[PDB]
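Protein chains in written order, with the deposited numbering: chain L, 1 to 210; chain H, 1 to 234.
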């Protein structure tokens, strides 16, 4: 356990309590600092230690630690709490500053867990002018994150570009996954997009052709 | 009020060296340690090191030990960080964060040694080794099944372009669109070192039938004149 480890992602609905964990050696006997970083902004020091927190910072943020684990507890989560969170420790013996791996937290729309609807992105015009054809999959209206999307069950990793998701106004996610191949290949062989969405325990396989 | 102001965004090349300034205000410069900590896009925070403005002394991490030098000017109350022998994975946002000297208790009331109580706004630093390339713009009309769903989504795909900076605008009946489309970008850093962009313009079916014509316009640096890709029913 050389560094500080945190769960990569935590999601919670408004009004709930979010508990973020931090792992390390002899952390309970140490002071643990928690920083918050909203998208495109600088980190801010949220919790120095336990309930000791800087000026102008909500009483809902509280710190804790026992043995090898520490915990940032966010009581009554609000939409504004949606940001990345980093635990941090200082070893005064070797004068080392260590951050955590980071925890992306999200405030849910409280929408029902929904399986994705994958529509085909068919090439016709694009194939022609380029000398290279772009075909794809439009994975629409799923919740929550994430989905994994392969092509031909992993038979090709060459031209595939899997884009990040976006949060629609419906509170659901839209995903795009494209791949580029020559027209010659486009004519003869089959192209299957394989969508695997764990949170709904479903999966779809869609055929993309001329 | 206490504030830290860093130098503007900078663009460099592999092998070169970058310098970043940090201007402190609203407090005693010599009373606090000044740290430098960076983060790569979509990565975690990584401590680079500290300088003590009062004595000028420094302490670097073992990773950056040889390449980085942190200096200071007390007169203008400014700290500096220089990174040499730059490579591509040094591409990151660089923050300067203040941390209380354990030997200097302040009248502020909040004695927080070991923590970074104040952060700068950050400085963007890019290392390329990549030529400037125009996008490959493709377009996709909505699938028939999606039309059966009642909604329609047209997709604009800008492929293998450099740099990130690009403009996308949607035209229905030669008319500019605002407040409908959403977009996303992927950085492939392996070979191309380029960014691919997916834009999705979403309308209802009714507007889709009643409007009768669709085009996607894109303006980029690497291309001479704005490229428009068009498509329609038929």
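Ideal placement from N, C-alpha and C gives every residue a C-beta, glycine not left out.
Next on the checklist: Can you tell me whether residue 81 of chain L is helix, strand or coil according to DSSP?
Outcome noted: In the structure shown, residue 81 of chain L sits in a helix (DSSP, three-state: H, G or I).
Item to check | 7 angstroms CB neighbourhood of residue 105 of chain H in its chain, flanking five on each side removed | outcome: Take residue 105 of chain H, set aside five residues on each side of it, and the residues of its chain with a beta-carbon closer than 7 angstroms to its own are 111, in chain order.
Item to check | For residue 120 of chain L, the residue or residues it bridges with in DSSP | outcome: Listed as beta-bridge partners of residue 120 of chain L by DSSP are L:137.
Item to check | Helix, strand or coil at residue 45 of chain L according to DSSP, with G and I counted as helix | outcome: Strand.
Checklist entry - Which class does residue 46 of chain H belong to by DSSP, given the choice of helix, strand or coil? => result It is a strand residue.
Item to check | Whole runs of the beta strand (DSSP E) within the segment 50-116 of chain H, excluding any shorter than 3 residues | outcome: Segments of the beta strand (DSSP E) lying fully in the segment 50-116 of chain H: 58-60, 68-73, 78-83 and 92-100.
Checklist entry - Within 10 angstroms of its Cβ, does residue 205 of chain L collect 16 or more other Cβ (buried), or is it exposed? => result By the 10 Å Cβ count, residue 205 of chain L comes out exposed.
Next on the checklist: Could you check whether the Cβ of residue 106 of chain H sits closer than 7 angstroms to any Cβ belonging to chain L?
Outcome noted: Against chain L, the CB of residue 106 of chain H has no partner CB under 7 angstroms away; the residue lies outside that interface.
Checklist entry - Can you tell which of H:169, H:184, H:95 and H:221 has its C-alpha closest to the C-alpha of residue 178 of chain H? => result With distances taken between Cα atoms, residue 178 of chain H lies closest to H:169.
Checklist entry - So with Cβ pairs under 7 angstroms, would you call residue 28 of chain L a contact of chain H? => result It does not: the Cβ of residue 28 of chain L has no partner Cβ on chain H nearer than 7 angstroms.
Checklist entry - Would you report the Cα separation of residue 88 of chain L and residue 48 of chain L, rounded to the nearest angstrom? => result Each residue's alpha carbon lies about 9 angstroms from the other.
Checklist entry - Between H:203, H:191, H:134 and H:13, which lies nearest to residue 167 of chain H when the distance is taken from Cα to Cα? => result Closest by alpha carbon: H:134.
Item to check | Where residue 186 of chain L sits in the DSSP three-state scheme | outcome: Residue state, collapsed to three classes: helix.
Checklist entry - What are the boundary residues of the beta strand (DSSP E) that includes residue 229 of chain H? => result According to the DSSP assignment, residue 229 of chain H belongs to the beta strand (DSSP E) that extends over 227-231.
Next on the checklist: Alpha carbons only, please: which of L:138, L:144, L:184 and L:186 is nearest the one belonging to residue 163 of chain L?
Outcome noted: It is L:138 whose Cα lies nearest to the Cα of residue 163 of chain L.
Checklist entry - So, are the CB atoms of residue 65 of chain L and residue 102 of chain L less than 7 angstroms apart? => result Going by C-beta atoms, residue 65 of chain L is not nearer than 7 angstroms to residue 102 of chain L.
Next on the checklist: Considering just the uninterrupted stretch of the beta strand (DSSP E) at residue 24 of chain H, what are its terminal residues?
Outcome noted: Counting along the chain, the beta strand (DSSP E) containing residue 24 of chain H begins and ends at 18-25.
Next on the checklist: Taking its Cβ as the centre, do 16 or more other Cβ atoms sit within 10 Å of residue 175 of chain L, making it buried, or is it exposed?
Outcome noted: The residue is buried, with at least 16 neighbouring Cβ atoms inside 10 Å.
Checklist entry - Do the segment 31-43 of chain L and the segment 112-127 of chain L make contact, defined as three or more Cβ pairs closer than 8 angstroms? => result Taking a cut-off of 8 angstroms on C-beta distances, the segment 31-43 of chain L does not touch the segment 112-127 of chain L, as fewer than three cross pairs fall below it.
Next on the checklist: So for residue 201 of chain H, helix, strand or coil by DSSP?
Outcome noted: Looking at residue 201 of chain H - three-state DSSP - the assignment turns out to be strand.
Checklist entry - Using CA coordinates, which residue listed in H:180, H:88 and H:5 is at the minimum distance from residue 11 of chain H? => result That would be H:88, whose Cα lies nearest to the Cα of residue 11 of chain H.
Item to check | Local conformation of residue 23 of chain L per DSSP, three classes | outcome: Strand at residue 23 of chain L.
Checklist entry - Is it buried or exposed for residue 76 of chain H, if we count other Cβ within 10 angstroms and need 16 for buried? => result Residue environment for residue 76 of chain H: exposed (fewer than 16 other C-beta atoms within 10 angstroms of its C-beta).
Next on the checklist: Quick check on the burial criterion: 16 or more other C-beta atoms within 10 angstroms. Buried or exposed for residue 63 of chain L?
Outcome noted: With 16 or more Cβ atoms within 10 Å of its Cβ, residue 63 of chain L is classed as buried.
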